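Presented below, as C-alpha cells, is a lone chain in the form deposited in one PDB entry.
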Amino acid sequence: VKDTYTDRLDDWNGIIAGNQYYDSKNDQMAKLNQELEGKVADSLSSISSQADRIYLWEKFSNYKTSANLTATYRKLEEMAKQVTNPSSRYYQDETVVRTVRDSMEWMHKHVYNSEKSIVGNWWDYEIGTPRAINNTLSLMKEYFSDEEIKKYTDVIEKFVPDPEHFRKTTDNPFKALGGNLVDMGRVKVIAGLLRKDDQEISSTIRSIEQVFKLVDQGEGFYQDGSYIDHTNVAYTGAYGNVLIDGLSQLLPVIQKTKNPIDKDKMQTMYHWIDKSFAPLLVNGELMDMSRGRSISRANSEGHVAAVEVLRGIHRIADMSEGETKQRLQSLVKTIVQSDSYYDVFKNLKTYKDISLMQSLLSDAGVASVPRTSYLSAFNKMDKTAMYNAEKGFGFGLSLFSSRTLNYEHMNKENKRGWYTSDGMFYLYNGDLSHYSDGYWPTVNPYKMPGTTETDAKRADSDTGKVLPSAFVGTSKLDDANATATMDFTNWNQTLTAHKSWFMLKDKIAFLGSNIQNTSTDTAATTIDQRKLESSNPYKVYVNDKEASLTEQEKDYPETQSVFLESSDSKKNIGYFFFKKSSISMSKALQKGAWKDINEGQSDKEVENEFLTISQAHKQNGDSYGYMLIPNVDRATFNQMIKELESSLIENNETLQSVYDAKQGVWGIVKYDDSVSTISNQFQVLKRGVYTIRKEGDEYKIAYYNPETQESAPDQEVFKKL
C-alpha cells in the first residue's frame, strides 16, 4: 500500500542504491552499474535450481557459519538493485523477480526464521542479515505484498525486539552504543517502516539519540576526541566509521518521520568530524592505529577505510546548510585531492554518493586548500596524531595503558597484532602506499617500528591485555609541539622501559631508559621497519657514508646517524643518535599471506621488501636516544644534526628531556616528584609530562599527569629561576 511509510522507503532506496540518479553517460556511475551487472550475472549462473536444494550457493552453503546467511541475502539485495534500475539488463526481468521472491521464501523456510537460534556469530543474525533483508524488501516493495513483507521481517523482530540491546535471545545480551547502536537503527527503523510500525520507529530513534552524548567513561566519544568501543579499545577508525557511515544514511529518513531528531545535535556531529575523525586522515589515509582488528582485512587498507568516513561526511554536508555545508565540502575536497594513490570512487557504492562527490570536486565554489598543521592528543584512548603542513608529513603514536587494551584479536582476525600498541609509531610521508599493498601480512610482527621487545615466540591464539601502569599520556602545548611517555612493561613481565617521545614541530625524539630484561631472551628496540617501493629505491648512509644493505643483518657500531635518501625529498628519513649507538640494519624480501593474520582472508602469497633498523639491549639499565627527522634532503639533515648536537638534556630512570633551541621549546618527562632544574633557567616539580616554550622572559606551560588524567596550576609544577 502507498503511504508515508513507502514515501520514506522511497527516500531510503534513493540512498542505498540511488537508481533515480543513474546516468549512463556518467563514466563513474556506469562503472558501478557494470560491477552490479556482473555480480547479478554471476549469482544467476551459479544459483542452485534443482528440486529441494540444500543451499542457494555452494560458496555459501554451510549455514552453520553465520557469515553465509548474510552473504546469501546480500546477493539478493544486489538483484533487487538491478531489477529496479531502468538501465540494467535485468530491469524488471521475470526470472530475477521470481528468483528474489523464491529465494526469500526458501531461506525463510529452511534457514532463517523465528524458530531458529543464533548459530555462530550473533552479528549476522541481528545486523548483517536483517539489513540485507530490509534493503531487498524496500527496493522491491512493489513486487511483494504487505503480508509477505511482514512475514519475512518477523524473524528480525524475534532476534532484535529491543532497540537498546543486542544478543537479547542469548544468555548474555549487551547494551547497544556507538556504531552498533547506529546499525540498530538501520535494522529497526527500516523494518519499522516496512512493517508500518510506529512504535518500533519512534522507540528506535529514541534509543539512537544516545549516540550524541559525550561520555567520560566506557564506550563512545570523549571531550578530547577519543572514541572507545568494545569496552576499552581505541576504535575511531572502524566502529566510528560504522557510526558516521550508517548514521549519515539514516538521517535524511529520520528527519522526515514523525519523530525527527532535535536539530541541535548535528552540531555534535560536526564536532565528531573536526575533533575525532579529521585528525586521523592524512593524504587520504585513515590511520591504522585507530582501526583495531580491521587492519588484517585485505579489502580494507587505510585509503579504502578512509572513504567510509569521507562519504559519511559529504552526506552530512548535504543535509547541512550555508557555511557549515561548504566547509565540510572543502574538508572532503582537500583530503580527496591530496590522495594521489587511491581513487576515492573505488569505494563509493551508490549513485548518490558518486553524484555528491562529483559535484563537490567540480564545484569551483568549494575551496580546496592544503590542510594546516595540527596535533591531537587523544589521551582517553592513548593515541596521538601529528601533522606538519609545511614539510608535509604525518606521525602517529600508538600506546595503551591500564585504561585501554593493546590490540584486538577476535573472530580469528588480527592474530599477530601483539605489539601494535607497544609504543609503535607511524610515519606518513610521500609514499602514500606504505601501509597498504600488503603491508600488514608481510611486516615482521616481532619488530613493529618503535617497540622494545624480547625475541620470545608468540602464539596466534593470544588475546589483548591492558598495561599494568596508568602512567601513559601526552601533554600538548600547541599545534606542533607535544610530549608523551609510556611506563612500559612487556606482555609477560620480563622487560621494562621508560619510553618517551618529544614531538618538536618537524621532528620527533625517541628516548628510552631503565631498560631491563629478566628473561633468557634477547631484548632490542626496533628503530624502524619501513616498507620499500621498487620504483623509488633508497640510498642508505651511515655517518654520512653510503652503506650497502643485505638480507643478512649488518652491525654498525659507533653510529651517529643514518639517512635514507630518495629521489623525492618528501620520502627521506633521517635518524640522529644523540650519543653514538650500536645498531644493525638489513633489507630483505618478506613473504606472507593475509590468511596468516586473518582466518577468513586469502591464503595467496604476498611479498614486500623491508628495511629494518634495530638496537640491541644486552644489559640492565640500557637506553636509546635518537631524533627522527623526515622530509629534508641530505645536506639539510647534516646541518640539522649539528644544530641538535646538544639537544638531549637528560635520559635516565627518573628524568627525560629534549630541548629545541631554535623554537625555544622543552619536552620533559618526570617519573618522580624531585626538583628538576632545566637548562639553568627553570625548575619542574612534579611527576608527569611537560611541554614548555620560552618567549622573551615568558614561559608557556603545558603539564599533564597521565595517571590522574589532570593538568595542574602552574605554581604546583613550574618555578622560574
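Superpose the two forms; the largest set of C-alphas matching within 1.5 Å is the rigid core. Residues carry their position along the shown sequence, with the first being 1.
What comes next is about the form deposited in another entry, which is not displayed.
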*asked:* If I superpose the two forms on their rigid core, does the C-alpha of residue 694 end up displaced by 2 Å or more between this form and the one not shown?
replied: no
*Indicate whether residue 291 shows a C-alpha shift of 2 Å or more between this form and the one not shown, with the rigid core used for the fit.*
no
_in the other form, shift in Cα separation for residue 173 relative to residue 410, 3 Å or more_ = farther
_Knowing the shift is 3 Å or more, I'd like to know if the C-alpha atoms of residue 26 and residue 341 are closer or farther apart in the other form than in the shown chain._
closer
